[PDB]
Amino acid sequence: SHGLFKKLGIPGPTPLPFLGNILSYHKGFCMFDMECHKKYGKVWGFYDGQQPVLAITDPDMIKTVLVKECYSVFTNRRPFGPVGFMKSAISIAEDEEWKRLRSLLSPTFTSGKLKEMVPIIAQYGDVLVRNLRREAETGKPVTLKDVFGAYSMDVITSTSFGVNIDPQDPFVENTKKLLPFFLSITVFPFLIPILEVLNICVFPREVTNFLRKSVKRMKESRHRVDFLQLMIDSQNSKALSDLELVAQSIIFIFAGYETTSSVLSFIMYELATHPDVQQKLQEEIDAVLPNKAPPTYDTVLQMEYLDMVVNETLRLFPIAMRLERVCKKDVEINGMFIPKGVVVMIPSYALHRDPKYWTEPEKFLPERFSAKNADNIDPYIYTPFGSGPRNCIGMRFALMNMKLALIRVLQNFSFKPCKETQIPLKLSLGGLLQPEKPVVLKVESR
């Protein structure tokens, strides 16, 4: 089965029997996608076990997969198992169960629902400053992902459920240990039904239990029309069950906690290593919001440099790393035959650092996204939230929540490196995009 790309005439690294090219993952997905981008060119292919993966870098071809032929050919991502009751999650669902869930959860982040969350988020922005003030008045490096993670958890648990959870919170402790042996499912695709029909999962049964019974506890009502109320009103009318309702809550809680804090930690590292960017960003926040005025919905979208700082960080650190779609039937997009079953992959990390696009890609330059220069970026090359009908459904919520946190913090504190601050920042050579050592920074009050 390892002679597919040889048949189609698509280049790529030579696969080993059974393993394929997974031995090249010792450096991580990022370095493997970048080495293959320079060694082979615009299009290459490799094998995750027996699964052929076609990597495309042409923006016209990326648009065809993500946007044009989404509902027809490239609808679902790579099959992930063994899951179990998590097969009904919107990020894992396929075809019609996804389309019905995509439509059900889309009204969660409209321009009106997002504008309702500003006063709710404004409460936790003050606790974020007070907790940073205690570690700033006393000389002590601050683990940013811990203090940012506690803020991100309270935001998503209130904007989606209205419940207040307020250092050893069992939600943060259980949500974080969804973080080895996946080397086997990449090589054993036939062992998925062995664990599926037998009811075996990858997620530990306790991180699911704590959340499965917490949603059944927050569901006690007795609102505000939030992420939980949208799923209850349709439940009281195919339809959603008490198990699928829990499956969506785990996705929103994990995405609101882990993705928000990790990007915020990456932003503060770039601001500390570039004091000229942090100082210039602080001057814009003070101008739009004088006297430390509370940030509102409209004042956030007004700040251009704040949007340029977030965009450049998401360019350097795209937490998704890759974009993937499963070719459901034989197609010939942009004059290139793609058989059914091939996983079409877009190397987002490798494309965000392509020298043939970004001048000095390893450099942190927020001026790439200025309105003078944001005309020279391709929306299918810079894809930190994906694209098409199956992009990030919470892109607008994530961008607003992180900017509200960056405003409230940069109004009161400046961030400097420490002795133990890992400069330059080393990315985790493992699976997900994270720093090797935790991000520690000195917090000086203003």
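Note that residue numbering follows the sequence shown and begins at 1.
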| property | result |
| --- | --- |
| Chain break class for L179 to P180, judged by how many deposited residues have no coordinates | 4 to 9 |
| Chain break class for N291 to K292, judged by how many deposited residues have no coordinates | none |
| Residue stretch of maximal mean CA temperature factor, 272 to 280 vs 342 to 350 | 272 to 280 |
| Selected stretch [higher average CA B-factor]: 116 to 124 or 68 to 76 | 116 to 124 |
| Maximum C-alpha temperature factor, selected from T313, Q168, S265, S370 | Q168 |
| Deposited CA B-factor, highest of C201, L104, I156, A150 | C201 |
| Third of the chain, ranked by Cα B-factor, where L425 sits | middle |
| Ranked against its chain, the third holding the CA B-factor of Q411 | middle |
| Lowest, middle or highest third - CA B-factor, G81 | middle |
| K403 CA temperature factor, ranked by third within the chain | lowest |
| Entry-reported Cα temperature factor of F252, expressed as the chain third it lands in | lowest |
